[PDB]
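For reference, the chains in residue letters:
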Amino acid sequence: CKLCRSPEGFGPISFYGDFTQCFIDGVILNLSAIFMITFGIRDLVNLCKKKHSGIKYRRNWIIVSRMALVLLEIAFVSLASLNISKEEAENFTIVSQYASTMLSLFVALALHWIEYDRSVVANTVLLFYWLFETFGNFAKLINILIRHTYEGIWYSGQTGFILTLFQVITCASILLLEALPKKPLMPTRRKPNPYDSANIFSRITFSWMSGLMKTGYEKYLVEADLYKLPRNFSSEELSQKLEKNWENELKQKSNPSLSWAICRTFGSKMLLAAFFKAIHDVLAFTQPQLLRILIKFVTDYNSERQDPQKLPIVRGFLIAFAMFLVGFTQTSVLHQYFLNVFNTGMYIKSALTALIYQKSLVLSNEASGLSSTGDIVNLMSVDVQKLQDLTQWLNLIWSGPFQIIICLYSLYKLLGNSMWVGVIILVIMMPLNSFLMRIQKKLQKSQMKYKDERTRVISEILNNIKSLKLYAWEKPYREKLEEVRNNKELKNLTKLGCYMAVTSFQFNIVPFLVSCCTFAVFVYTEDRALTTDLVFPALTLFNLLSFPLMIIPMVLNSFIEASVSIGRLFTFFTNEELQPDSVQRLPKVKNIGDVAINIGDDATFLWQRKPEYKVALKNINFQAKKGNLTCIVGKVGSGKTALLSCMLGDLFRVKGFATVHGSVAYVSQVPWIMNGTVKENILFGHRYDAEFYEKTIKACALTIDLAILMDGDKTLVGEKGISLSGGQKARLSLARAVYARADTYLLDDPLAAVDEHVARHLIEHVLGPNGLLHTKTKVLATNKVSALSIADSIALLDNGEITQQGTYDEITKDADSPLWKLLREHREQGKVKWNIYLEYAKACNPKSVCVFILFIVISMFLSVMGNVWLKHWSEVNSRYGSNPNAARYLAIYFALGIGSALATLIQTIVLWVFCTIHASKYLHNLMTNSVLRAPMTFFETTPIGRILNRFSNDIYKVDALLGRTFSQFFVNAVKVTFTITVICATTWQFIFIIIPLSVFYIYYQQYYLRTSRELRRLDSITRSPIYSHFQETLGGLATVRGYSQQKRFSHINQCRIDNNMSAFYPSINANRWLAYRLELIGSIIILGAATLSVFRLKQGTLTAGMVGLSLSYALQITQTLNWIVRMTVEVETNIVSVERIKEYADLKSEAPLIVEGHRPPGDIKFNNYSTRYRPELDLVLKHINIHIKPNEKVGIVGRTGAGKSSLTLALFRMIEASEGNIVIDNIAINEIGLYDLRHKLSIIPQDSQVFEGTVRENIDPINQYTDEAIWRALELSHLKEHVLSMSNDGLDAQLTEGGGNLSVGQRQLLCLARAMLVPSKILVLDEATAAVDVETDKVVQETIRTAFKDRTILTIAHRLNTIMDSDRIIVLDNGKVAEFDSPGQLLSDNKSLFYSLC
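Residues numbered from 1 in each chain as written, not as in the entry; some residues may be left out. Heavy atoms only, no water. Residues with missing side-chain atoms left out of burial classes, pairs and counts.

As recorded by the PDB entry, the protein chain carries the name Metal resistance protein YCF1 and is attributed to Saccharomyces cerevisiae. The annotation that UniProt attaches to the protein chain under Function is "Cooperates for the ATP-dependent vacuolar transport of bilirubin and glutathione conjugates." The heading Sequence similarities in the UniProt record of the protein chain holds the text "Belongs to the ABC transporter superfamily. ABCC family. Conjugate transporter (TC 3.A.1.208) subfamily." (UniProt positions renumbered as here; feature names shortened; annotations may be inferred.)

Peer 1: I tried to follow the overall build of the protein chain on my own but got confused; where do I start?
Peer 2: Of regular secondary structure, the protein chain possesses 46 helices and 25 strands. Considering only C-alpha atoms, the protein chain reaches an extent of 130 × 90 × 60 Å along its principal axes. (Helix = DSSP H or I, 4+ residues; strand = E, 2+ residues; numbered from the N terminus.)

Peer 1: Which parts of the structure should I look at to understand the packing of helix α10 (residues 314-360) against helix α33 (residues 991-1035)?
Peer 2: Geometry of a packed helix pair, given as the angle between the helix axes and the separation of the axes. Relative to each other, α10 and α33 sit at 15°, their axes nearing to 11 Å. Considering the angle they form, α10 stands roughly parallel to α33. Of the two elements, α10 crosses α33, and the hand of that crossing is left-handed. Residues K349, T353, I356, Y357 and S360 of α10 form the contact with α33, whose participating residues are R1023, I1026, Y1027, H1029, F1030, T1033 and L1034. When grouped by side-chain class, the residues that make up the contact of α10 with α33 number six nonpolar, four polar and two charged. (Axes fitted to C-alpha atoms, helices over the stretch in contact; angles between N-to-C directions. Parallel < 35°, antiparallel > 145°, perpendicular 65-115°, else oblique. Left-handed = near helix turned anticlockwise from the far one by under 90°. Contact = heavy atoms within 4.5 Å. Nonpolar A, V, L, I, M, F, W, Y, C, P; charged D, E, K, R; others polar.)

Peer 1: In this structure, what is going on with the sheet that holds strand β17 (residues 1193-1198)? I would like to understand it.
Peer 2: The strands that make up a sheet are held in pairs by hydrogen bonds between backbone atoms, and each pair lies either parallel or antiparallel. Reading across from one edge, β19-β22-β23-β17-β24-β25 is the order of the six strands in this open sheet, with mixed pairing throughout. Bordering the open sheet on either side are β19 (1241-1243) and β25 (1376-1381), each of which pairs with just one other strand. Strand after strand, the sheet turns through a mean of 20° between neighbouring axes, direction not considered. Of the strand pairs in this sheet, strand β22 (residues 1322-1325) and strand β23 (residues 1353-1356) are connected by three bridges, and their pairing is parallel. Looking at β23, one finds that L1325 is bridged to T1355. (Pairing = 2+ DSSP bridges.)

Peer 1: What is the right way to look at the UniProt feature "binding site: ATP 1" in the protein chain in this model?
Peer 2: Mapped onto this numbering, the UniProt entry annotates "binding site: ATP 1" at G634, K635, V636, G637, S638, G639, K640 and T641. Residue placement: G637 occurs in the loop between β4 (629-633) and α19 (640-648). Inspection of the secondary structure assignment puts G639 in the loop between β4 and α19.

Peer 1: It is not clear to me how unusual backbone geometry should be interpreted in this structure. Could you clarify?
Peer 2: For residues other than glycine, phi is negative in most cases, and the peptide bonds are mostly trans. Positive phi outside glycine occurs at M186, with the angle close to 45°. You will see that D749, though not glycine, has its phi angle at about 50°, which is positive. Inspection of the secondary structure assignment puts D749 in the loop between β10 (744-748) and α24 (756-767).

Peer 1: So what exactly am I meant to see when it comes to the pairing of β23 here?
Peer 2: Side-chain direction in a regular strand flips from residue to residue, so the side chains alternate between the two faces of the sheet. Bridging between β17 and β23 involves four bridges; their strand directions are parallel. Among the inter-strand pairings, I1196 is bridged to a residue of β23, identified as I1356. As for the winding sense of the linkage, the β-α-β connection from β22 through helix α43 (residues 1334-1347) to β23 is right-handed. (Right-handed = clockwise from strand over helix to strand, strands pointing away.)

What follows is the structure, encoded as structure tokens:
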């Protein structure tokens, strides 16, 4: 039996809404006290036990004030015990309460002192103890006050009431004085994370993000602003933990399993997250039950009040407050669950992204080559990502069914057996919905495929725009591009939009249709009346049920993907190691020459065992002296690289002992270059020491290349090393080696890939005995006699066997065949660019967008009227005892629901067809109309990479994602507008709540809009360097172990991961901070709506339907608010795409293609002509006045830096005249249409180009030249046999794009074919210093005559050999000019500058 004495037993909830006095005293204030006893003593001992004396804080007013309040509340509890004894204190609960509370207060008395001395964070246990004291004592105050105001009598007397009021005041004051104060300590690198100092309420409410959010709002963020990771997130510690557990799995268990390794390491946090998810589920499904209880209460009370122990109107207020407490606790526990799952996600990425790299540095060479570099890079750019994203969804494998089981139970409970119709409809939809997910994916991948197609077309067009513009091929390739786009890509996009509208229709109908069918079957099978307390809680429960059944299949999909990824990682970590004993290693030897620096005792070295045991380097005796050069010789691929690798350890020793002394340096067969500064590729982590740095760089004979380089050694080796070339690279690698001053040098053809002059330079400064490195051993593999002359010892190997070994004299005496032969924006946060939104609304038809919004409004209006009709129907069914006109009411409800569904279908169709696709088409046509139409200055100044990004990455987003982002934003904005409208209509004085909440909501969504955008950008920036670093390390994996620098490289990877987590942890915690603020705003809206509804009830003018409807709507604000804020962040992140498109679309352009001065279908004369290659540059041509007659085969010469190259651009107006002009046979170019000029003239480019597809379009794409003429041109250039052999199609033969499918001279002949094919009255020629084969070169030099016997020829050429045949010569001098007859006449006058070379 209950061991208490009170009319209101332990029953937690009294007849009135609030807790029974026995529950408050017996359970709440007793458990708080017992919690405080246990955990408070635990913390007391812990703080005393953890450290004998910690860095103390100033005992400022704070500590003394909270101390005083503890004493005050102790006084009040003592006074309560004194006061209540007489008033039947035999009721055990009161005495238990005061005993426990007195003991608890003493323990807190102590613990505040101890925490203030010993702990930085305001202790968790005191914050929660005082939260429960304030809560319990507030419950007691409310209980007393309710009993007073209802039953007329104070159950603890006037004194007990006021004393409890003081207890509540003291508890609240002490709780705030605990949580709020910052704590005085009375005592560059990024400041410590606030998550370490945040007390438990700050951890719950993520208010420790408020400082970062303020900074992100006030200014742009950079890695100087992001706080360091909190303690335990360092990739090194995470990787060590996971690696210890993984090693335990590998060695202590017979069947190791990486999945259990990860569980053993990071399972505790996921289990806690699962607990919080369970509590969240329970709360999410109690809240609809409180809605049902509130509606049932309202109808009971209203019926009684119209027309003993009548219900109290305080139960309505307590139920509204219960709704608020459930909302608040739900959001707190939910975001703790999210915090823990994402912390485990970042752990698993950091722990694995580092452990993969540490494994990579240990992989055997065989295995590393077996795996593709791209594969292994994916192994942590995708596979580890899957594991990270698996954690987010891991807990739904049980919270999925768990959130379904209790939802089905609740629906059965309240709505009866008919529920099964709704469950059946959702289940039936699940296959269909998943099938549409597959179809959406298929169409989206097709869209990405066509995006890649268009990206390739744009890539060629932009890359060789110079030529394309030069021939005037702008319009034909524009037509090609727009054909591809319009037909293949946008038709696919309309298909995607149609099925997107279908999926939106399903998404909107199914939650409606479930409820409609369930109410139908309920009405037509159940004898009960469909009361308004059954309709609305059922509707909320179906809305909740939507999500688990929506998500579970996607969870299983992510689960199978994660399982495959764990499989890949497991096969990786088990991948074969290099054996650490392949070569034993010893320190350096102090002496010189005498000692063997490295040894091989008849040892054998297999490349691998298990993939293939058969191949090995044979049993070799080998030696190398200290302070000498030992050289290795032999044919290519015979084992030189293997021998060197052996002392590098990449080969697998099986027999004989091998040893090497001291630190080593390695130069690979191909010199590895790591992206970064050239100075960095020299230093390679070794400290900068000038007097040796410049000596070394000189010795490596590339100071000339530093002089050529724009920024010298400070120049950045381009992404993936594209900036340098092999000649520089070999020298640079050897420079790294020498600068290391390694105790040994293993050199695999360090000097073979460069000219003999450079080789001799390196020999005489580095390798020769006089060289700066004489005291350091060299084991140099090569065959060049110059190098061999330095060798103190040599060995020749064939097929993995050293044929002979000895010094140079012995090699000489051997008389062997080879032996004899050998011997962006400022960081002030400027407001959003509304003008770009207007531009987009103009790209979408500005009336189509309004039709879109109109149909969104109709959809949501018809959903609201669906619920209002449901309210009317339920009020009728409650007025009557049974369902009076099921057919009528249900049919109208179905009509309204299908009205909403059709409104949404029209919404999405109008969006995708009229609005978004129209804008995409318009913007792309505008952008291509501008870019291709832009002058050559644009392309010279701007990176082709970025210009191509605008077309591939950027306009794709405006195509596909911006439209849906706007649609989600407006759907949810209208949804919330109508939800607020419904709640206000139910309680007009809700406006005074929504306005303050609206201000707070704008405040938070704005802070988040700026800071989450910045942190997402900054995470994106910091992400890639991890993968790029990994791929370069894979490429250079040999050298890294070479120098024995795996330590530094591993540490660089760790600090490449920690940077990412510094960028990420704030991002996801930003999501948490926003979501907490918005879910608490939602909880306050629930409280406002429910309490104002109860007030209207007390006024007696509330009907249960109104409260049911208003709250059934207010419950889903909690999610629609957060979803609006996510969509507004996303739309700001995308609309910058339209900004980037517009910035190109309006580019200033060259003169019009066409103008009245047409060429009706020839000789030329310059007239004081001048121009500059760049508008800010000085004139490259000045006062040019040359006259050329119609047939003269003119050539031109000039200084290397002269405008000789720039002339051709100047003639075709690619660079516009500064003053003067060029006149043609009868007309001046400055008023000729550019297309007319450009194509009536003819040209062969400075360098040729290749387009994808057939040669027909590379000779005549516009097809204005007849097939017979094309065939004749192929004859004249005799490419004909070549194209016919390439494919039977001959002149229409297919051609591969971008590859080395053709040697230069044949491309030049194809260009000449274009030239002779076009009927032209001028023909300009060009040629540039390049690796042209002399054969095809002379073929060109003779066929150029055959092209036009009579046409004027402006032969630009760097090859005077090409120029000498010219009949007239122009000499250009940095804008100055001289003109002459043929070169013989020119040189007959003076010893010309060029004649000096000739």
